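Only the coordinates and a few stated rules stand behind these numbers; no lab work does. Backbone-built Cβ (ideal geometry, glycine too); neighbour counts: all protein chains shown.
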Amino acid sequence: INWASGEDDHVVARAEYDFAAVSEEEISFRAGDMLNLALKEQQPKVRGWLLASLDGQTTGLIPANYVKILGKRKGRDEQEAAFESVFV
């Protein structure tokens with residue numbers, strides 16, 4: 001999964017809050033953690049969730065409003081905007 005590793009273009013986000021997964025579909029993270037997100041083109045429609053990776057291999061759902069979207073980064077609506085904007 002090349003967006004997860006950052007081999008492909010991907011979105012980067014910073015967790016605002018701690019989050020413990022309650023199902024296997026979800027991934028845990030801590031406030032301040034950096035995650036890679038699928039591009040909007042690869043995002044599933046699950047109200048209140050986004051597809052992300054903490055570890056660069058494992059993917060799952062995180063609550064959209066538990067992270068700050070920082071922008072699109074090249075592979076080696078305030079939120080809709082941030083998904084198309086460039087990461088510094």
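Can you pull the percent of Cα pairs in the range 2-70 with separation above 14 Å?
Working: 1206 of 2346 pairs.
In whole percent, the long-distance tail amounts to 51.
Please list, in order along the range 41-56, the HN-Hα scalar couplings obtained from phi with the Karplus expression 6.51 cos²θ - 1.76 cosθ + 1.60 (θ = phi - 60°), rounded to whole Hz, x for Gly and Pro.
Once θ is set to phi - 60°, the couplings for the range 41-56 become 4, 10, 6, x, 8, 9, 3, x, 10, 10, 7, 8, 9, 8, 9, x Hz.
Would you mind working out the magnitude of the charge dipole of the chain relative to its Cα centre, with +1 at each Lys and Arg C-beta and -1 at each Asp and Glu C-beta, to the nearest 20 Debye?
On the way: 10 positive and 15 negative charges, 42 e Å.
About 200 debye.
Label residue 26 and residue 84 with points 7 Å out from Cα along Cα→Cβ: what is the distance between them in nm?
According to this spin-label approximation, the distance is 3.1 nm.
Taking the DSSP beta bridges in the chain as the whole, what percent of them are antiparallel, to the nearest 5? Walk me through the intermediate numbers first.
Details: 17 of 19 bridges.
If I count the DSSP bridges inside the chain, around 90 percent turn out antiparallel.
Counting pairs of alpha carbon atoms under 8 Å apart in space and at least six apart in sequence, what relative contact order in percent does the range 2-70 give? Don't jump to the answer; show the numbers that get you there.
On the way: 150 pairs, mean separation 26.3, N = 69.
Value for the range 2-70: 38 percent.
Please give the residues of the range 29-49, grouped as numeric ranges, whose backbone N is less than 14 Å from a label point set 7 Å along the Cα-to-Cβ vector of residue 2.
Output list for this probe position: 39, 42.
Check each of the chymotrypsin sites (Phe, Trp or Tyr not before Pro) in the range 1-72 and keep only those in coil by DSSP with at most 12 other C-beta atoms within 10 angstrom; list them in order.
17
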